[PDB]
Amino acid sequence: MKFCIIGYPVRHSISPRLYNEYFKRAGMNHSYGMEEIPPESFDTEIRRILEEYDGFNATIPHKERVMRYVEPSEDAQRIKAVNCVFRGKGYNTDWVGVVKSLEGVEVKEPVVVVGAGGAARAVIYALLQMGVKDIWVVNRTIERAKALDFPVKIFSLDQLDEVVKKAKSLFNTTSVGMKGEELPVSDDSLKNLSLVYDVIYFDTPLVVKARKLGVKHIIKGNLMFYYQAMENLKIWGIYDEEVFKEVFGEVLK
């Protein structure tokens, strides 16, 4: 079977190397590639993808976009985002990644979620599944705020500093931090949080700051990535637990 990751950007994705190493170690003939498709070319180029690959992952900015071209699951519909496709069917494994990444951890409220994209909606869904009630979304764009149907409060990014001060958990779901950017939030607001969670795979200024301040739990995007990958492989019917732990376990250290 053939798989890939689609998105924009996606050329620096960590997925191809990991899935390909996994397939090789498991003695499987499967392959994992990459397709960096600009938004303006998506409608034409997705048809090629659907014909050439058995399944694929979707990342920014295509998780919501790809829904029109597949049959989404009930949870993917609620989230309005598909990040895992298999033979015409769309799924969301991001929220599963979030739930499993927080195993053994009590998520204290109120919870601030930065962003309102597909990643944010997956995080919100996960939090609601975990019985979290008080969720405050802080985002940048009007369009994405209007796509939110969840029982949340919505604030603009200039309010981030004030709202985090009144919260106990913070989730960054945006790409802010990928190129070393900082969110508009003070040490004073961050210091008494019990959880700082960043969907970004590597150290961000937010994560580094949280460590400096001694925040109890500081979780980067590596656990979320690990567990969404696990769910992807289960959906694709190609999950080998021991090989997965050996190969994908490298993202955890």
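Just count from 1 along the sequence shown to find any residue number.
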Segment of higher mean CA temperature factor, 80-88 or 158-166
158-166
Mind pulling up the entry and telling me whether 45-53 or 208-216 has the higher mean Cα temperature factor?
45-53
For the listed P110, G118, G97, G177, which has the peak Cα B-factor recorded in the PDB entry?
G177
Identify, among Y227, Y197, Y32, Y201, the residue whose C-alpha carries the highest B-factor in the deposited PDB entry.
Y201
CA B-factor placement of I238, once the chain's modelled residues are sorted into thirds
middle
Give the position of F3 by CA B-factor within its chain, expressed as the lowest, middle or highest third.
lowest
By its CA B factor, does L183 count among the lowest, middle or highest third of the modelled residues in the chain?
highest
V10 CA temperature factor, ranked by third within the chain:
highest
In terms of the chain's CA B-factor thirds, is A58 lowest, middle or highest?
lowest
